[PDB]
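Provided below as structure tokens are two forms of one protein chain, presented individually as structure 1 and structure 2.
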Structure 1
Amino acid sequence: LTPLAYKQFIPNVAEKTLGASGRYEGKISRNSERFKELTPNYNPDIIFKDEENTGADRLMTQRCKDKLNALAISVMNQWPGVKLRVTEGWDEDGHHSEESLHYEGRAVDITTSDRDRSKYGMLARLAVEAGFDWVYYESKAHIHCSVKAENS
């Protein structure tokens, strides 16, 4: 398996194109009907930074949970004793551009639990192999992973 390079994305097309994660559907706000279709992730093998102390980053679509949970298994296989870590998920605080998949339960920013940046390119490759529809080495400090919408 070949690690991704900094700022590389796989597949090598824009995130919201049909062969990647597909179009945005619209921001999800708390207590909306679409919010009620999100599912919380309390997987003990994933560390959630949850800096807002709201648990919002745990709320994600079922496809996002499926791929994230597969990635959590893969991380523990690659580096025994290390866990997947989520630093950003579903944003309620307005940090991202319009049409960001972070507003839809469809995107996560991730690291390893030890914050060893030398692992991040490989972490991104593991996310591709775990089935995320788009993976991007988005900053020196994290990998961005997203999924197609349930209606796909």
Structure 2
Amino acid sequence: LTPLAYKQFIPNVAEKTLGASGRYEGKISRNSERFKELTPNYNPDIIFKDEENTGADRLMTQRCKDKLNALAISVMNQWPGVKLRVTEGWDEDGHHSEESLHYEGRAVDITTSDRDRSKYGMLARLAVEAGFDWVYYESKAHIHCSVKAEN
């Protein structure tokens, strides 16, 4: 396992292209019918920042949950006593790019539980192995991970 480099993205194509996570199907709000397609993740081994105090960080698509749960296991295996941490999941605060996959519950920003920035490259590589459709070493402070839509 080789850590991703700073600003590296895998696969080597734009996020919203067919070979990666594919196209934006539009914003999901708390009002929407599509809100019901979002399910909360209560994995006791994932730390959710939830600075919003709304539980929004836990809300994501079924595929997002599945890859996230896989990555939870591989993080605990990589570093004893450390857990996967989500800073953002589904977003209703407009805290992302203009048509962010966060707005439809298809992306997570992640760190390790210890917020050790030196682990983040390897954390990104674990996200690729866990089967995220697109992984991007987006900032010094986080890894952005996204998935294809259910449809």
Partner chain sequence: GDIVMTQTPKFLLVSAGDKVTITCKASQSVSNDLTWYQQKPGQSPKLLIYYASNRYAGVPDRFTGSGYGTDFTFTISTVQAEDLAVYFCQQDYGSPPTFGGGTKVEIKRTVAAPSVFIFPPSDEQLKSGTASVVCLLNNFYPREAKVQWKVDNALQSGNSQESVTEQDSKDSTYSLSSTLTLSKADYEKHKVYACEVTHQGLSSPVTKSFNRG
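Numbers given to residues start at 1 and step along the sequence of structure 1. Rigid core: the largest C-alpha set superposing within 1.5 Å between the two forms.
> Quick one: identify the form deposited without its partner chain, either 1 or 2.
Structure 1.
> With both forms fitted on the core, how large is the C-alpha shift of residue 62 between structure 1 and structure 2 in Å?
So the C-alpha of residue 62 has moved 0.2 Å between structure 1 and structure 2.
> Superpose the two forms on the rigid core and tell me the Cα shift of residue 96 between structure 1 and structure 2 in angstrom.
Rounded to one decimal, the shift is 2.0 Å.
> Please report, in Å, how much the Cα atom of residue 37 moves between structure 1 and structure 2 when the rigid core is superposed.
The shift comes out to 1.1 Å.
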